[PDB]
Structure formats: structure tokens, C-alpha cells
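Q: I am attaching a structure below and will ask some questions about it afterwards.
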Number of protein chains: 6
Amino acid sequence: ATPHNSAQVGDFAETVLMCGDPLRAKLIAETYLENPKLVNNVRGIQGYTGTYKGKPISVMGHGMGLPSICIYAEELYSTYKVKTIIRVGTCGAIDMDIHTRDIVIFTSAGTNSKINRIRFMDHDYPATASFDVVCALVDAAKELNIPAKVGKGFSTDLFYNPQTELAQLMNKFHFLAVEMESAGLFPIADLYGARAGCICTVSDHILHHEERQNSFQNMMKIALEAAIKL
Amino acid sequence: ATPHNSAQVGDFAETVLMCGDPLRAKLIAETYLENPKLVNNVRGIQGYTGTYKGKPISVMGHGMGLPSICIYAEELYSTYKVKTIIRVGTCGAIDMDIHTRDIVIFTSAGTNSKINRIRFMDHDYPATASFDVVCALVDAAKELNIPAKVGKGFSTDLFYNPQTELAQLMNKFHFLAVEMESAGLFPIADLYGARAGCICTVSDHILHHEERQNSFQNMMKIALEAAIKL
Amino acid sequence: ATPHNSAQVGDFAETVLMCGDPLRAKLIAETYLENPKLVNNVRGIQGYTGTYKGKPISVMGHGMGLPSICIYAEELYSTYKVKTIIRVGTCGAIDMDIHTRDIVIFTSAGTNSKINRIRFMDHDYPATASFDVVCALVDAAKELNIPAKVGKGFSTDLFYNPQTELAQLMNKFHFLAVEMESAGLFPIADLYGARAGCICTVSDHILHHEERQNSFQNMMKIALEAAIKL
Amino acid sequence: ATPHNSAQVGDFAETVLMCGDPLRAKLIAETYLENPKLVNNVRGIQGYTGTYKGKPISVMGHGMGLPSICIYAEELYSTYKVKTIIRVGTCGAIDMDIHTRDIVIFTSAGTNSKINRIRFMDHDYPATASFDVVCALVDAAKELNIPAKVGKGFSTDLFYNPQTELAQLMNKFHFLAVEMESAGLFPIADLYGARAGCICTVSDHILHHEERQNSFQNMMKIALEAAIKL
Amino acid sequence: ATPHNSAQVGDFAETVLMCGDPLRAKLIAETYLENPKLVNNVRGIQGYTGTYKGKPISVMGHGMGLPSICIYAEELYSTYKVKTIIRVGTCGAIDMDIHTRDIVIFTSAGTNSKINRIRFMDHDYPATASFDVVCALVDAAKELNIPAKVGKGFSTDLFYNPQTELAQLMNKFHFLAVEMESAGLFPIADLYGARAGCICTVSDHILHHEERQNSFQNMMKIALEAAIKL
Amino acid sequence: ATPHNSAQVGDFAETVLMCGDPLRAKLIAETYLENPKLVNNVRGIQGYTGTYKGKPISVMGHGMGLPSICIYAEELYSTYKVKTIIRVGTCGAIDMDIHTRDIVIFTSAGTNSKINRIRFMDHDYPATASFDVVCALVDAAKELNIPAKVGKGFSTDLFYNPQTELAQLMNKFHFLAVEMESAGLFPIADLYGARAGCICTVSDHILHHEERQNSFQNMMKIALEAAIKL
Ligand SMILES: O=c1[nH]cnc2c1ncn2[C@H]1C[C@H](O)[C@@H](CO)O1
Ligand SMILES: O=c1[nH]cnc2c1ncn2[C@H]1C[C@H](O)[C@@H](CO)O1
Ligand SMILES: O=c1[nH]cnc2c1ncn2[C@H]1C[C@H](O)[C@@H](CO)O1
Ligand SMILES: O=c1[nH]cnc2c1ncn2[C@H]1C[C@H](O)[C@@H](CO)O1
Ligand SMILES: O=c1[nH]cnc2c1ncn2[C@H]1C[C@H](O)[C@@H](CO)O1
Ligand SMILES: O=c1[nH]cnc2c1ncn2[C@H]1C[C@H](O)[C@@H](CO)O1
């Protein structure tokens, strides 16, 4: 159907969970979904569709970086008529009060990318997560009683950031963590009148040096339960 | 104490409601607060402090524009040790599905201002409202059962915007309304580890031409009740 | 007539003096004008119109910041057919050779705002004061024999500026003082084929720590006399 | 060794061919290399190392987008001491004189990304391919007598570009094709005193609508032969 | 003494008139100066020094463009201790009310160059002509009774401007004419605590199609007389 | 024919060598060309046309800076139907491994100018030298067996650069030298479907302090021989 997806309209559920690592998306499909079927593996992206508690749901990788997730997200909403995309994954803590293994739910994401300025006449677009998804993710966290921090995320274009002062500036403004897709995902969902959200498990801290499965599995429970709520 | 506030530390409540119109802040203090006392009138800003349901609360004008509310907000958090600032006021609808008299709760605010780029090393800062305040405002709206739309706001530097195409671009991305302070307020609260939020009543629509008291009074109920919740 | 002015065309004189502080504009109207009449008090802006030496003249507040004065200035030229706007007020000295209580006449104003780049296809717009107004202000200063410094001003969006190095950079380039409106005012006057100028009394120095009525009253004499000359 | 590579220093050859599609890198390793060994499959990236005409050589995917290839390229030069990286892949024709199935060798790449401005104090960095690699690629093309077009490439952050006029602007300036990594790759090689180049087969034209294996296999011959020359 | 000037400190007068055309500077030195001596001809720049009404004065070419005049102006103030530089020359009318052969005195100059943003922390620097020089030029014009228009100039980096809409935008904001140096000259003078100004004769109109010696000679009279006044 | 060229179509050869210094272009015409004829001296630009080894060739100055060479280059390609322009001249070494008297051939040029962003919708245009000209220049260097360094150049708008850190940043990225025109020249050639290149002799090093005729004459041999090859 598309240059990056061999599946046809209907092969994907209206709700898709996406992580950067394709092997992780496969693991997720084999571990949490019932009767998972590979609906798209163009570029080894591992796109699956199965069911969770009887409801249809798809999991697929989205590569690293805004440009990558932008291709997939726009194709999903536009062609496969997906309604909700929840980015699930890892991130790097910024805030001194955030620690490795913590789970973070993004209210929004800042970025050093130029993409949003391009789509928004060179102004400040607030890459905001859909309030419905933020609420579903937080309620799930409350119902499951899993501690989660809610706040600003930062989607960097530079994993290895030359601007070494940025980290501290972000800590001062209390950005929770850093990943590489949210800022791109959120605006695309707005454009298509759809929904997007993000939840991550801190795999490491960037301002200092600091069982990792429990954290990840807990995050998955939240994302999955929130998917059912939506 | 400051160049724009004659009051002393302690004269302001930890929660302050702010609107652009100083005469409106006076009206609010005389109408909803018990035993309101003028604590600051430098520049006729009408800063009052009284009580709502027994709890301390202050209301004060903040002028129009990011530069203005930036002066007041930073002085409040920094010097008067304020903890929560809720901007209450009017705005201009953008989205075709938003109508005059609707009440809007900002999850965040975009802007054509350069302020945030200055504070954030020329990158994209997501001026996001404090999740606590967004939730308090939404719960209040639910408890009072007052219909309210939650979503992106836009803080413009140009009430009379030369870029006439922007309005439609914003409608496409589904920005709810336009005001002139939120984008400045939110980041300052982050810097001080404090909280900020915004709720507005649409006084007019910018994409087409379309009792106004009820809407305003309803918005006030939400803001006041949410203040108690925080 | 407008969202920020209740007055009707003709209520304002062709020459309007504006300061940020509305209470100051009221003081000015009561102190220097004969038979002052409140023609607009929307948002407590204190818009008055009286006469000076028999000629019609109006005084009105303009709030703090480019966004604010932009609303008022554009409405004045456009709707109320005003011809000349002279910003009168206070500012913060930058140049080491400028001292508190000095009077400064802006030839132009630089800015960290994005407004002019928005109106000028992202290029460098030289926010220049109208030569007629600069001359009238300087002749008035010469005729009254009141020492006044003429030169560059700077309109900041950030009263509390994060970029602490800027102050010294500006001293090196010899910017006289800092305020928050001139850069916005001047271009709007150009667009409407009208005139704008600015004169301020240094209320404090930003690079070091350093009767204030005389300075202010002297500035008023210059502005008033210059208004008659125009 | 790194967050995206499980291999150890020495597992990679000093010359690495990279394409976006991981399944393509696997195909390449199985088709053109002798005794290929999987040295890194973190995130299913398919990193192989075998030999071509007796010389060591590695092939690995790099995902789509500058942010992605930036992570891999910097890790390769920095940690695995790689010396030459040749991006091999597909692209979209821009120039009216370029047709589907044509092979293009980039002299350099333009971009709408902000990455290089971040690394280069907000100025214009000319993402240029290493002259050694351009020459090796062109000589290989001449020796094999395979028609190839040499010129400017463009690395976009937006596969689905909102700025629809850009395509024509690029045709006017004669940009050959569009991909999503070169502009990021080239500067990183400069920083590490290493080499980078790019050769692509046009899989489609973006300005109009227009056996594909021959073109791809021919491109591979050029890249492989050029690798031996370096 | 410098890479672009063979003269030594003292060879130049404290006041230097500069035009783009070196042959014009030679003509000026031979026509208006008494006992002109070639003090610098590096790059055929035609730097002369003679006397006007007994006072020392130098004339020298400055090439076309901000980068060019920036080299010369900075060397003059810095090394040759020059105090005043008056750019004399031609320009292209923008404003519909300005006609070919009109004489224009710049109060300031806007620009599409990036130079000033580089020197001014990426903010808006108002390239303003020294008030002393503007006054001297205008008084000279009044005393000689030669009609001259005073206002904004524009220093373009692109004589052949791709942005064809800019011309009309500038007419709307009432920019008088276009040249290629003023915006660069003015800030350099500020930095050195020196003075700079500009006066030009419109050689053509850019918005429509419309003895040229009289205009030029009149401009020279003004510049020369103003030089004596300074 | 043009505002800067008195010559008529046909007076210029299809290949033109340009240097900043007009006196240098004259020297070149008198030293290396047979029967040189002055075809254009507007602004003392010294435009000559003669023959080298029987083939027509022109030499002309282009002033200093992108704005200057942009005027000349565009007029040459557009009006005088020139096909190839080779900038010949001096530059300042950046890279620690480059020494005074070295000859450098630009593959491309970076810049702090805004010109290319203006012509390229505010994106990153890679000012790249025409591959044909780079090859001709390098082959000539090889055939003449004259050591020459090939790589990135940098065209600055500020000979006296305020950003003192830039020099080191450029050394880190291995920019060879600095001049003031290449970045402007290359894109113009692309637009006209013509060719441009650059070769310079390092006249000094900017990072430290370090017969100059031999170097210059050698560079000329390369440029001249390369002209014949094209
Ligand atoms: O610390 C991090 N910085 C940037 N990205 C991170 C970090 N931790 C996890 N990620 C995510 C972003 C990409 O999807 C990938 C980069 O390793 O994994
Ligand atoms: O439509 C609007 N555009 C911009 N600002 C608006 C609009 N409606 C209300 N406001 C707010 C922003 C300022 O505080 C003031 C401008 O009239 O009132
Ligand atoms: O020092 C100053 N910085 C910025 N603005 C100033 C300063 N002094 C006076 N002002 C003016 C600008 C605004 O109108 C208001 C800010 O206090 O008063
Ligand atoms: O036409 C294209 N536009 C952008 N990227 C392209 C095009 N054709 C191939 N590519 C490359 C860039 C990415 O690596 C991926 C996008 O499909 O494949
Ligand atoms: O119309 C014009 N546009 C740009 N520059 C102009 C114009 N008229 C005169 N000039 C000046 C600027 C340069 O010094 C040179 C360009 O021809 O002469
Ligand atoms: O070191 C240099 N910096 C900038 N430009 C240079 C340098 N060396 C030579 N040039 C060239 C650029 C201009 O054409 C002129 C400046 O002196 O000569």
C-alpha cells in the first residue's frame, strides 16, 4: 500500500503501540498479544496485529528519530485509518529527581529539530500529547497503582549532542527525559484529527551515573490497559 | 518590593488568578472573594487578596502580551513565593468546531513570540500547562458538569496578525483559541518549580462571524473550584 | 469602536502621548492638560483628551511590551485617525556614560522580539523613530535648554533577561537605554504613513547601582512642547 | 560496546557500506560478501562483516533519517575505528533530466534539517562528500562503464513534505535526488577525520510519473569496486 | 598598514567620503578637493586625501556590499583613527513617492544580510546613522536649499533579489531607497564610538520605469558642506 | 549592457577567471593572456578578454564579498552567456595542517551569509563547486604535478569576525581556508545551468603566525590549464 508498509487498509488495528526497536515490537507481540499476525515487515519493521483482552491491537517498530516516526505515523493515520498511536519505549533521564527505571508519561515534547517549524510557519508549535491519551495512560497508572512521572519530554535529533550545556538547561526547566520521536508524532496526530501519546521507562540518566525488566513490563501494562480504555 | 508590585511577601495567596483586564480582576475580587483587600495597585494593576470558601486567594491583572505577564509571573513566583497561577480570561476561537461562548482549557500554548527560543537555546520549548492544574481545571469542569474543550492554545504577539494564512494553518492543526500570555506563563512556572494553567471563554471567532456573562461566570466557577482543589 | 477602545472617531486628538503606567497617564492629564476628558477607560487604560496651549491632545496608557503597544498604536492610527504618537516614560540605562535621571530621545530601537521579523519577511527592519518627531523633540530640548541624550534604544521582551551578556554587548555598541515598546511602535507608524517618537527618563541603571520628579517633569515639558511643534 | 552496537572494536571492517533497509543490508551481505558474519543485530540492524575480493568489508542498516544515521556513523568512526562509510541505497529524482533507475553520486547534500546548524554555530555547513570517495565512486563508474550522474543531493527530514514548492525550487537549482541521511553523514566524517560518500539508484521521480534490479546491482558494483579502491 | 590599505596612520583625514565606484572616488578627488594625494590604491580602491575649504578630507571607494564596506570602515576607524565616514553614492528608489534623481538621506538602513545578527546575539540591531551626521547632512541640505528626502534605507545582499515581493513590502513600509552598505557601516561606527551617515542620489526606480549630473553634484555639495560642519 | 558592465554579448569568453583585486586581474591579463583587450572597466573592475593557447578567455575583478561576486557572476551567465567561472585568488588557512603558500581547491564552501538561505527557502543549500571544474582543476594539478589540497572552503561576510570561536570550530571540522565569494558563486552557476569553481593560494594562517609569487604563479598555471580542459 505504501513505500514502507506492505499491509492493506484494515490489517492494522485502530490503536497501534510503537517502539523504536523492531525486535522489541516482535517481543511485545509474542509476549502480550494473542494470535499475533505479521501484517508488515517492510524494512524488518516488524508490524504485528493481534488482540489484547479480545480487542484488536497492533505493534510495530518506528526506527529512531523524528524523520522516521513521521513517515510511519502519517502513513498509519492517513492510509491505514489508525486512530491512536502510543509510543512505548526507553528514554534518558534529565531531571535530577528522575532516576533510572522510572516510568515517564509525556504531556508534551520539546525538540531541537526543525520539522515543526517547517509545518508551522517558523513559529513555536507545542508538540502536545493528546489529552485523551495522557489521561488514559495516567488512569491506567493509577488503577494499576504504578508510580509514574508526568511531564515534559524532549525529542532530540542528536543522540550525541554537541551542545553539552543543553542538558543542564533542561534540568533547570524540569524536562523529565529525552527520546527521539514524540515531538514528531504529536503534531501529525493533530493534523489528522487523531490521537498520540508517549510513555517511557528511563534506561539511563544523562546527568550522572546510576531489574530493568520489571520497569519495562510495568510500562507495557500501563500502555496496554490505556489502549483498552481508548 | 518590586518595580511593579508594592506588596510585601505574604500579601499574596499561594494561588493567584490573573486576567488581562485590571478592571475585570477588581470585579472578580468584589464578586467572588470575601473580604478582598487591595495588596498592590502599581500601574493600576488591581492586585487583590481575599478568601474563597475560607482559603486565601489573590486576583490581579497581568496586562496584554507575553512580555507583560512575564514580568508579573516571575515576580510572583520568585519574590512573593506564589505556587499556582491560573490565567482566567477571554480568547479568540480558531477551530471551526469551537464557537463563541465556549470555555477552553489549554493543555499547552504555541506562539509566534521569540521569548521561549531565547530561554531555550533557540530550540522548541513546549509551553505546557502544569498537569496538576489541567487536571484540577478539568475535574472542576466535570464536577460542575460544565462543558469545556481541552486542547492547544496559541499566544500571539500580534493581535492584528499580518500573516493572514496562519489562522487557517492553526485550524488545520486544531488549535482551539488565541490569547496573548499562556506561552509566556507556562515556562516561567517550570523554571521556578511552580504551577500554571489557563482557562478562557471564547469572546469571538476569528475565522467567521457568530448571554456572554453565563459563559464567563461558568469559567470563573471552574477556576475558583480548581484553585481550592490545588 | 474597538475591542480595546470605547471612544469614537474624533474623541482622540491627532497627537497622543503614551506611557506604560495608566495611573501616570491620568496624572499627566490632570497635571498638564486643561479640561481633560476621559474618552476611553477600557481595561483601565486611562485615555484622556484635553488641550495644551489651546491645542487638542490626548494621553493614554499603553501597557508594557511590544504586543500591548502594538494593539493600541495600530487602533489609534487606523481607526481614530491619529497622526502622531509620542511615547513618554521611563527606561533603564545601559551605556556607562548614561546616568539615572538622564533624559533620552530614541533615534531608533533594537529588539529581541520577533514581531518586526514577522512583518518584514524575516529580515532586519530598522525600527526608526520619525525624523520629524526626533527633530521636534530635540528642538524642544534645545529651546528649553534641557540636556538630553539622543541615540539608540532597545525594546526588550524580557524585563528579567536570561541572556546576561546582552547588557554588556549593548554597552559596547552604545545603546542608551532599555524599555519595552518603541521597536513595536515605530514600524506601525511607518505602515500607516503616520509618525512616532520616544523620550524617556532613566529611572535606573542596569550595569551598576546609582529629585526623580524634576527629570520626569523636564521630559514632559519637552514632549508637550514638541507636540505643539508637530 | 555501544547502546546500538553489540560488536567489539575490530568486528567491523575499516570500510562499511550502509543502506536504510536492514533486510537489504542482509541481502547484500549474503549476495556480495564471502563468509559474511553477523557482528551486530541490535535493533535488527543487520550488521555484517565479510570479504570482497579478499578484503574485509562490512554492511549494516542505518534506519531512515539524519538522526538515525548520525547515531550509527558517529559510533562507527569513534568506537569501531571505521575509516570509510559509503551510503548505498535509493532516492527520489528531482531534476527533470534525471529518470527512475538512474544512478546518482552525491558531491554533497542539502537539507531542511537543523542538525548541521546546531553543530556549526547556526551557519551554513556544506555537507560535502569526501573527495576521495567521490573520485573512487566515479572512477569505478568509469572503469565499469556504468552511466552515473554526479551532483547535489538533498537530505529531507520530511518524506511527506508540506512545502510543496520546494520540489520545483530544487529542480531549478538542479538538485539530482532526495534521500534522508547524506547531509548528516558527511559532517560527522569530517569531524572524525574520516571519509563518507553516497551513491543511490532513483526508485521514483517526485515531479512526475515514470528492471529495477539491474540498476541496483550496477550501483552495488560501483560501491563495492570503489570500496576496494579506497 | 592593513591587508587592504598601504597608507599609514595620519594619511587619512578624520572625515572620509566613500562611494562604491573607485573611479567615482577619483573623479570626486580631482573635482572637489584641492591638492588631492593618492594615499592608498590597494586593489585600485583609489584612496585620496586633499582639502576642502582648507580642511583635510579623504575620499575612497568601498566596493559593493556590506562585507566590503565592513572591511574598509573597520580599518579606517580602528587603524587610521578616522572619526566620520559619510557614504555618498547612488541607490534604487522603492517608495512610489520617490523619483529618479531625488536625493535621499538615510536615518537608518534595514537589511537582509546576517552580519548584524551575528554581531548582536541574533537580535534586531537598528542600523542607525549617527544623529550628528544626519543633522549635518540635513542642515547642509537646508542651507543650500536643496530638496532632500530623509528616511529609511535598505541595504540588500542581493542586487538581483529572488524575493520579488519584498519591493512592495518595502514600499508599504515606506522605505525610501536601496543600496548595499549602510546597514554594515552604521553599526561599525557605533562599536568604535565614531560617526557614520549616508546620502544618495536615486539613479533608478525599482517599482516602475522613469540631467543626472546636477542631482549628483547637488548631493556632493551637501556631503562636502556637512563634512565641514562636523 | 548592464549597470556594472559596459561590454556587449560576445565580448567575454565562455570561460572567465575572476579574482577580487582588479589590479591583479589586469596583471593576469598582461602576464598570461595574448592580445588582451579591455572589454569592461565599469567601476575600474578591469575586465579583459584575450587568448590562452589560442583559446578565448577573460579575466575580471569581482570585488570582495558574496554580494559583489553575486552581481558579476549572475550578469556574466545571464547576459554575456558565460559558461564557466573560475575564482582564482587568495585565502586564509584554517586547518592546522594547511600552511601559508599552500594551494587549495574548494569542493564546496560554507558561509555565515544569509544569501543562500534566502534563495533556498531558509534551508541548507550546499554551495558546491561544479564537479567538472573540480576535476579539471585537480587533473591540471596532477598533470602539472603541483601539490594542492582539495576540500571545504568557507566564505565569510566578516573578514574581521566577532565570533572568535568559529575559527577553531572550523579547524575541528577541517575546513581548509577562508575567502569571501565561493559560497555565493556556486549556487548562481547551478541556477543558470553553468559551471563554477575556486582555487586559492593561502596568503596567511588565521590560527597562528607563519616566495609567495611561486605559489601564486603555480595556482595560475592550474587555473589556466584547467580552463583549456573545460
Ligand atoms: O538518552 C537518550 N537520548 C536520546 N534518545 C534516547 C535516550 N534513551 C533512549 N532513547 C531512545 C530514542 C531513540 O528511539 C533511541 C536512541 O537510543 O532510544
Ligand atoms: O482573538 C484574540 N486574539 C488575541 N488575543 C485575544 C483574543 N481574544 C481575547 N484575547 C486576549 C489576549 C489579550 O490578553 C487581549 C487582547 O484583546 O485579550
Ligand atoms: O530597565 C528597564 N528594562 C525594561 N523596561 C524598562 C526599564 N525601565 C523602564 N522600563 C519600562 C518598560 C516597560 O514599559 C516597563 C517595565 O518596567 O517600564
Ligand atoms: O523520494 C524520496 N524522498 C525521501 N527519501 C527517499 C526517497 N526515495 C528514497 N528515499 C530513501 C530515504 C530514506 O532512507 C527512505 C525513505 O523512503 O528511502
Ligand atoms: O537599485 C539598487 N539596488 C541595490 N543597490 C543599488 C541600487 N542602486 C544603486 N545601488 C548601489 C549599491 C551598490 O553599491 C551598487 C550596486 O549597483 O550601487
Ligand atoms: O583570511 C582571509 N579571510 C577572509 N578573506 C580572505 C582571507 N584571505 C584572503 N581573503 C580574500 C577574501 C576577499 O576577497 C579578500 C579579503 O581580504 O581576500
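A note on labels: chains of the C-alpha cells are A, B, ... as shown, every chain counts residues from 1, and ligands are counted from 1 in their shown order.
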List as CSV every residue of chain E that is in contact with ligand 6, defined as an atom at most 8 Å from one of its atoms (using only C-alpha atoms and all ligand atoms), together with the nearest atom pair and the distance in Å rounded to one decimal, sorted by chain and then rising number.

A:
```
residue,atom,partner,partner_atom_place_in_ligand_line,distance
E:3,CA,ligand 6,17 (O),6.4
E:4,CA,ligand 6,17 (O),6.7
E:71,CA,ligand 6,16 (C),7.9
```

Q: How about saving the chosen residues, C-alpha atoms kept, as a compact mmCIF listing (two decimals), in the first residue's frame?

A:
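Saved to part_12.txt:
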```txt
# COMPACT_ATOMS: atom_id res chain seq x y z
CA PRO E 3 45.75 43.98 4.15
CA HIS E 4 43.63 46.47 2.18
CA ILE E 71 36.47 45.73 5.90
```

Q: Please find the residues of chain D near chain A - the criterion being any atom within 6 Å, counting only C-alpha atoms - and write them as a list in words.

A: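 My answer is residues 21, 22, 23, 43, 64, 65, 67, 68, 113, 114 and 157 of chain D.
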
Q: Counting only C-alpha atoms, what is within 7 Å of range 87-96 of chain D, bar same-chain residues fewer than 5 positions away, as a PyMOL selection string?

A: chain D and resi 17-19+167+170-171+174-179+197-207

Q: I'd like to know which residues of range 32-154 of chain D are strand (DSSP E or B) (by DSSP, run on the backbone); could you write them as a VMD selection string?

A: chain D and resid 34 to 40 47 to 52 55 to 61 84 to 93 103 to 111 124 128 149 to 154

Q: Show me, as a list in words, the residues that have an atom within 8 Å of residue 195 in chain D when counting only C-alpha atoms, minus same-chain residues fewer than 5 positions from it.

A: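 So the residues in contact are residues 83, 84, 85, 129, 130, 132, 133, 186, 189 and 190 of chain D.
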
Q: Have a look at E:229, E:127, E:224, E:101 and name the one nearest to ligand 5; count only C-alpha atoms and all ligand atoms.

A: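 Using only C-alpha atoms and all ligand atoms, the shortest distance to ligand 5 belongs to E:101.
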